[PDB]
Amino acid sequence: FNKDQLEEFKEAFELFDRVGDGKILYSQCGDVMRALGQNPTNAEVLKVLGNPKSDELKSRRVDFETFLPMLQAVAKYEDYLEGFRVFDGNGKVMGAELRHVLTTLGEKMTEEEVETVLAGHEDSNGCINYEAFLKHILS
Amino acid sequence: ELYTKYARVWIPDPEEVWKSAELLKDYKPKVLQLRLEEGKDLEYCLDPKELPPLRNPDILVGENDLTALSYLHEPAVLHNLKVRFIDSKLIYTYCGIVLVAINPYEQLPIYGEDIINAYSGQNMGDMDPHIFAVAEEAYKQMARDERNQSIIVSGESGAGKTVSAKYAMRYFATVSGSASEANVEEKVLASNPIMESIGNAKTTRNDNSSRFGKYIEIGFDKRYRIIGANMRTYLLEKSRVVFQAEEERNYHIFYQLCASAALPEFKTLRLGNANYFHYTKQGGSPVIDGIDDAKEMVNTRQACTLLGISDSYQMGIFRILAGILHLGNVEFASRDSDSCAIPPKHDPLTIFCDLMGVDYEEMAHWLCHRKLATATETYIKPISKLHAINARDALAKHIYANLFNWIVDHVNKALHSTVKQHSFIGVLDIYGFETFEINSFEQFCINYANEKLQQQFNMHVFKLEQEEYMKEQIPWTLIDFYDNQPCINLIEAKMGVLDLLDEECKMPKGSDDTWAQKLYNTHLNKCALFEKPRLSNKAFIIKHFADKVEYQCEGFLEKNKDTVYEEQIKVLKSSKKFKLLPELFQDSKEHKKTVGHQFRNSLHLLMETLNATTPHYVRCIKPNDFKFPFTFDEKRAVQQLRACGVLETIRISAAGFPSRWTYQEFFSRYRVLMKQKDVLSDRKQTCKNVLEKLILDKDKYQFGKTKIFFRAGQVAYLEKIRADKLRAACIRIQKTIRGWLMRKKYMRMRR
Amino acid sequence: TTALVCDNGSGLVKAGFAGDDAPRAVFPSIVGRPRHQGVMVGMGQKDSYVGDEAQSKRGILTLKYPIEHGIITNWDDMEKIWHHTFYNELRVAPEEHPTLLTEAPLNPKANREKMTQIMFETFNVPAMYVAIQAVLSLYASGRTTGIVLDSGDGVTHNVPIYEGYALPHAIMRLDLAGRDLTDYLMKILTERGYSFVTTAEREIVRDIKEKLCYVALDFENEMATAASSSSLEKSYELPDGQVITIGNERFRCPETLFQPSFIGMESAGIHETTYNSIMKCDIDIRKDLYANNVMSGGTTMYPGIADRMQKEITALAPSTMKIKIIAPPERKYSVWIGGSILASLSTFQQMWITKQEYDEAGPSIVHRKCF
Ligand SMILES: C/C1=C\[C@H](C)C[C@H](C)OC(=O)C[C@H](c2ccc(O)cc2)NC(=O)[C@@H](Cc2c(Br)[nH]c3ccccc23)N(C)C(=O)[C@H](C)NC(=O)[C@@H](C)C1
Ligand SMILES: Nc1ncnc2c1ncn2[C@@H]1O[C@H](COP(=O)(O)OP(=O)(O)O)[C@@H](O)[C@H]1O
Ligand SMILES: [Mg+2]
């Protein structure tokens, strides 16, 4: 990262600082990385975080300088399409089925998050054009 | 290997025979790290060798066919019955062709007419399993092809055999159009309590164990409509009449008759309390808990009257049984070392005469002496007390076996109907395999009969599957018969256990000790299936299909002796007083034959009766020990599943190609694995690439023309790799959407 | 298939199937040839007669026994008797049935060789065995310990057996017999002034012996009483209805079995040869051979022989150790019954001499297997 990148990232990091000490929580590290363009899994986030325990994940605070190596480590298309084509072959996906898989497998998200991101992308049958939804969420 | 983290395995427990766990760690070629509902994180321990049984995936669990499952082993067969039986309350199940039926104690609605009609059109696969699917396949075979059809039902006597038969009979009556023409059903079900009464006995494991094979023919007109029925019976336990192990009873009808002694009708029989008589006393245990003997009596007799027995024939039969009981109390006093006598005015023989009609003096003389005839001349030879006892017990067994064959044939006179039978379907109820802490001649005969039925069962399955491979154009040499001739040749053949036991019966100064000591020369090192228990010389071990089984010799010789002296039955046959006793002995070596040789012939007729026929199978397993309206208890169900050969049908088929799939359903799930780069015009050709790429060893499966045949275990493997590729996609999407929604939370929060 | 079981001594042949309880065919072992000129034309003259024919015809015939003292003396008549037994009396082809043959111990060995050789060559019997007549009686009496006293026509022998082992060093063999009882009865009857000089007459005297002899509980008391009273004397009818009185001589004939000095043997009676056979074997055993004495063959059937021995040995043997004598009514057939039992054991089926092992080894194999 260059000075400009470090400045933009530091500003964003400080926006996530809800205590004023120039720090975020470990549990916020993933959120900051995502705001900065990274897409790590919870497993990946905990690994770059050093597999923190619940207590330090929720209350131990780190400044930007300690966060930065973790961001670096995380930082260092056809599969995405086939992955969506898994759940199709007319280019659609049931809303119920996408909801079920996103709320019951892997690193489960909440139903409200899924409703929020899926709002307006499904048609009257309850089908999502996944190439368009994917381009939208990658933009 | 197949083992990886987030895989599941079966772990042994006392409280139920297995427990489900998940792997916390990958395995490597030691300890495993395990997740359990209680004491959730544990060392697991590895035998210095095996691994825990890997667990089936949850699409397959709960299906109707136990051999559709990918991993086949005791845990999975336990589980898949458990789930339906408590959670679904679906009781009928298929294993290969064999139908597993778990006894409910609640009476389920499902047997009613509407379902019978709904089945009547539909083939063996067209429905979920139910008894009507077997009864239908039998009826369809009989109509589709002349050949008569058997149904065979196996288990402990309290496993609900009778009800599984009764509904099959309803199925025939209702489907055949035949309801007006005859009631077999009312007659069969009204006959049952008689043959339960004379046929059954308490065995220490449970009350009311049937000790004989019971076989029923249901006859049809050439229009495939019912004429009527005919019984036969096989494998009766002739030995039980005179001898019991501790905590066993003689056949119920003796106790019922003795409990009825309060009634005025039986006054002349002078029957004492049920433990006064030497044949009833020996088990020590004259009362079965939970029954009124005298109250069973009135149903027994009502069933006789409803089945057309004379009101005076009933007193005749009881007069004869009372004769046997009085006979047993005869006691011999020795004159000399080598000769013995009945003492003056001995009471029970005096009563046995007034019951049977024969003179006291000629009975008392003939009991004490054998007769020998040369061609020119004859010698009245005296016989030792120890011979005279086995003579009396042989006469008691011979009377009982004849009275039973007469009562069966009068039953047949009621059941039989005079239209000439075009063909028949036949329904058979038999004891399954039997092993107790002690095992004795009764169990050796039961286990021999079981393992001989098991040979026909094996050969029939091997025919059906060599057909199924032939139709679908595999090489059928891929799968090989499994054969228990090496064991039958030990039991049956010359220089075999039954043969050396017949030899030790006739050889002078024979005994159990010298019988075992004569077995241990011939078999013990020479034969791979005969084994000696290490700390004892009175005992021997045989590996059956099911298990190792240890047999004590101690009793085992006395039970084999039968010889009945011609004079002693000729005296009875001459008897004046009443009809039935001459009727019993109506038309040799048959008097010389030993019990084991009579049984070895009876079973061979049962086998000719079945081998005429193309059988169908039902197995009955009693899922809990205490009659609870619904519970499932895995320690019991294991013992049932082993004793009913289900686990051996499975252990055999697991070396097969048990798992068998349509090309369309194979697309139906596994297009997800298939790259649409490759997904292709022709289903039969498309998968040949995919499967041979996913599974690097071609020997593990075969391409049938219309179906695919996998070896055991590689379906769940394909399901694992599908679940992994689904998980990877779920990661990639949840990763994206998590990042997006956190960025939008950041938009909410700043602005 | 069932084996055949055959027993031949110098008296009756006994034959039958194994597993049967009594012999199917019993007939005297006699071959007879005509001694007079055939006068009638078309009489239907026959080269020889066998068994029951040689009894019925006998007056026209002369009657010859092919066995002296268990030893077959001329073979062609023995072969004729076997041929008559299998084809005519059993009516069963010997090619299909293993055969069991019985002999006295300490016979000439060639007797076993030739007896085998005829079975394999002349009847092509599929397999064969030989057993000692004394061994087979224990099966018929139900014992594995005892001393088998067995005496028919021809040989008389004792074989001790203990727990299924025989003791060759104690076997005893003698030539008192139902035959030399008959020839002594003929000799002594001459004093009452009746004479028999011919074989067919001997067959009368044999029936006189079979009906009328008995064994004296004490000899000298009844020797006095016959001097004292007619009441002992018993009378009998010849075939033609002439009638004869007989005296002390009816008991006095089987007395020779106890004192062979009367016939003129220097030997001691079957009692003392029993005792000396016991004494020949270990004092550990002996009590058991006092506890079981098994009497076989026809000559034992004289009324009161058992009581005479039970007295005689008890007097002889050490006073406290009890004696018992065991004498089953069947005993005339006990050696056959024993062969029936033995030929139906399944362990025994191993032990038939096979045709193969003969054809390799010649008759001599029988000496290896049989004893
Ligand atoms: C002159 C002698 C012998 C003979 C005349 C000499 C001839 C040469 O020996 C034979 O080979 C013929 C034959 C014989 C018959 C059949 C056979 O397959 C082989 C031989 N054996 C006999 O005649 C036997 C039969 C016998 C009596 Br009974 N019990 C016995 C107990 C055991 C064994 C055999 C027997 N027999 C009567 C004798 O020995 C007489 C008592 N012996 C003598 O007086 C002495 C002085 C020697
Ligand atoms: N009931 C009898 N009483 C006395 N002597 C008999 C009796 N029956 C047969 N005998 C005699 O015993 C001899 C037959 O004995 P047996 O053992 O049958 O001969 P084998 O040894 O050939 O079988 C003949 O001398 C016959 O006369
Ligand atoms: Mg003899």
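If you average the sequence gap of Cα pairs under 8 Å that are 6 or more apart and divide by the length of the range C:182-270, what percent do you get for the contact order?
Working: 86 pairs, mean separation 22.7, N = 89.
Answer for the range C:182-270 is 25 percent.
Around B:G228, which amide H atoms from residues at least 5 apart in sequence, or from another chain, sit under 5 Å from its own amide H, with H modelled in the peptide plane?
Counting only residues 5 or more places away or on other chains, the set is B:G219.
At q = 0.11 Å⁻¹, what base-10 log of I(q)/I(0) does the Debye formula yield for chain C when every alpha carbon is treated as an equal point scatterer in vacuo?
The computed values of log10 I(q)/I(0) come out as -0.82.
What are the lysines whose alpha-carbon lies under 19 Å from the alpha-carbon of B:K579, with same-chain residues fewer than 8 places away excluded?
Here the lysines satisfying the reach criterion relative to B:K579 are B:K413, B:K570.
Rounded, prolate or oblate for the range A:2-77? Axes are the square roots of the Cα gyration tensor eigenvalues, ordered a ≥ b ≥ c, and the cut-off for rounded is a/c under 1.5.
Values: a/c = 1.81, a/b = 1.07, b/c = 1.69.
Oblate, because a/c is 1.5 or more while a/b does not exceed b/c.
Give the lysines whose C-alpha is closer than 22 Å to that of A:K23, dropping any in the same chain fewer than 8 places away, or say none.
Result set, ordered by chain and number: A:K3, A:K10, A:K47, A:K53, A:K58, B:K744, B:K745.
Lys pairs in the range C:256-362, Cα-Cα under 26 Å, at least 8 apart or on separate chains: how many?
For the range C:256-362, qualifying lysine pairs total 10.
When the Karplus curve 6.51 cos²θ - 1.76 cosθ + 1.60 is applied with θ = phi - 60°, which whole-Hz ³J(HN,Hα) does each residue of the range B:217-223 get, with x for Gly and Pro?
Listing the rounded values in order: 9, 10, x, 10, 5, 4, 7 Hz.
Do you know the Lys pair count in the range C:1-136 for C-alpha distances under 18 Å, with sequence separation 8 or more or different chains? Walk me through the intermediate numbers first.
On the way: C:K14/C:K80; C:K46/C:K57; C:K46/C:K64; C:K46/C:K80; C:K57/C:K80; C:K64/C:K80; C:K80/C:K114.
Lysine pairs meeting the criterion: 7.
At most 16 other Cβ atoms within 10 Å and a DSSP loop assignment: could you name the trypsin sites (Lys or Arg not before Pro) in the range B:519-561 that fit? Mind showing how you got there, number by number?
Numbers: sites: B:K526, B:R534, B:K538, B:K543, B:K548, B:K559, B:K561; in loops: B:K526, B:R534, B:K538, B:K559, B:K561.
Those that pass, being in a loop and sparsely packed, are B:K526, B:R534, B:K538.
Taking θ as phi - 60°, what are the ³J(HN,Hα) couplings along the range B:726-739 by the Karplus curve (6.51, -1.76, 1.60), each to the nearest whole Hz, with x for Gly and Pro?
Computed from phi, the couplings for the range B:726-739 are 5, 4, 4, 5, 4, 4, 5, 5, 5, 4, 4, 6, 4, x Hz.
Looking only at the protein assembly as shown, where both bridge partners belong to it, what percent of the DSSP beta bridges are antiparallel (to the nearest 5)?
Expressed as a percentage, antiparallel bridges in the protein assembly as shown total about 75.
Could you tell me how far the Cα centroid of the range B:152-177 sits from the Cα centroid of the range B:29-106, in Å?
Comparing the Cα centres of the range B:29-106 and the range B:152-177, I get a distance of 29 Å.
Can you put B:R732, C:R173 in order of Cβ neighbours within 10 angstrom, beginning with the fewest?
Numbers: B:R732 20, C:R173 16.
Final ranking by Cβ density, sparse to dense: C:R173, B:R732.
Any idea how far the Cα center of the range B:273-350 sits from the one of the range B:498-542, in Å?
Measuring centre to centre over Cα atoms gives 35 Å.
Going by how many other Cβ atoms sit within 10 Å of their own, how do C:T156, A:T110, A:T41, C:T85 line up, fewest first?
Working: C:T156 25, A:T110 11, A:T41 17, C:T85 22.
Neighbour counts put them in this order, fewest first: A:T110, A:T41, C:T85, C:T156.
Taking every DSSP beta bridge with both residues inside chain B, roughly what % is antiparallel (nearest 5)? Numbers along the way, then the final one.
Details: 56 of 72 bridges.
Of all bridge pairs located within chain B, approximately 80 percent are antiparallel.
Net charge near B:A612, counting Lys/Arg +1 and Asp/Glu -1 over other residues with Cβ under 13 Å of its Cβ? It would help to have the intermediate numbers written out before the result.
Details: positive: B:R147, B:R232; negative: B:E146, B:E217, B:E608.
Once all neighbours under 13 Å are counted, the net charge is -1.
Please give me, ordered by residue number, the trypsin sites (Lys or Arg not before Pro) of the range C:83-154 that lie in loop per DSSP and have at most 16 other Cβ atoms within 10 Å. Intermediate results must be reported in sequence, preceding the final value.
On the way: sites: C:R91, C:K109, C:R112, C:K114, C:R143; in loops: C:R91, C:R143.
For trypsin sites (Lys or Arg not before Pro) across the range C:83-154 that sit outside H, G, I, E and B with at most 16 neighbouring Cβ atoms in 10 Å, the list reads C:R91.
Whose amide H sits under 5 Å from the amide H of C:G9, counting only residues 5 or more places off or on another chain, with H placed in the peptide plane?
HN-HN under 5 Å from C:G9: C:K14.
Using the beta-carbon distance between B:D289 and B:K548 and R0 = 35 Å, what value does 1/(1 + (r/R0)^6) give for FRET efficiency, to the nearest 0.05? Walk me through the intermediate numbers first.
Details: r = 32 Å, r/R0 = 0.92.
Once the sixth-power term is evaluated, E becomes 0.60.
Excluding C:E201 itself, what net charge comes from residues whose Cβ is under 14 Å from its Cβ, given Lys and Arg +1 and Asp and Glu -1? Write down the numbers at each step before the final one.
Numbers: positive: C:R35, C:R58, C:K187, C:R202, C:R206, C:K209; negative: C:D183, C:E203, C:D207, C:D240.
Cβ neighbours under 14 Å give a net charge of +2.
Name the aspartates and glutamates eligible as straight-distance cross-link partners of B:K371: C-alpha to C-alpha under 12 Å, and not fewer than 8 places from it in the same chain.
B:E566, B:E567, C:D21, C:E330
Going by how many other Cβ atoms sit within 10 Å of their own, how do B:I102, B:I218, C:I188 line up, fewest first?
Going from least to most buried by this count: C:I188, B:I102, B:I218.
Can you give the % of DSSP beta bridges in chain C that are antiparallel, to the nearest 5?
Working: 34 of 46 bridges.
That works out to approximately 75 percent antiparallel.
Do any of B:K140/B:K705; B:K30/B:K700; B:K5/B:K725; B:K506/B:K559; B:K509/B:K561 go past 19 Å between their Cα atoms, and which? Write out the running numbers ahead of the final one.
Working: B:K140/B:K705 27 Å; B:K30/B:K700 29 Å; B:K5/B:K725 15 Å; B:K506/B:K559 13 Å; B:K509/B:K561 13 Å.
Long pairs (Cα-Cα over 19 Å): B:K140/B:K705; B:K30/B:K700.
Among the listed pairs B:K19/B:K214; B:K238/B:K532; B:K518/B:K593; B:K19/B:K202, which are separated by more than 30 Å between their Cα atoms?
On the way: B:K19/B:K214 40 Å; B:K238/B:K532 28 Å; B:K518/B:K593 21 Å; B:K19/B:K202 35 Å.
Distance filter (> 30 Å) returns B:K19/B:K214; B:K19/B:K202.
Could you grab the relative contact order for chain C? Cα pairs under 8 Å, six or more apart, rounded to a whole percent.
Numbers: 658 pairs, mean separation 74.5, N = 371.
The value is 20 percent.
Which of rounded, prolate or oblate describes chain B when judged by the alpha-carbon gyration tensor and an a/c cut-off of 1.5?
Judged from the Cα gyration tensor, chain B comes out prolate (a/c at least 1.5, a/b above b/c).
Answer rounded, prolate or oblate for the protein assembly as shown, using the Cα gyration tensor with square roots of eigenvalues a ≥ b ≥ c: rounded when a/c is under 1.5, else prolate when a/b is larger than b/c, else oblate. Before the final figure, lay out each step's value.
Values: a/c = 3.00, a/b = 2.54, b/c = 1.18.
Verdict is prolate for the protein assembly as shown.
Just add up the charged neighbours of A:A35: K/R +1, D/E -1, any other residue whose Cβ is under 13 Å from the Cβ of A:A35.
Working: positive: A:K10, A:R34, B:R738, B:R743, B:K744, B:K745, B:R748, B:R750; negative: A:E8, A:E11, A:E14, A:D17, A:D31.
Local charge sum for A:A35: +3.
No value in this document is a laboratory result; all are computed from the given coordinates. A quick note on method: Cβ atoms are made from the backbone with ideal geometry, for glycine too, and the neighbour counts reach across all protein chains shown.
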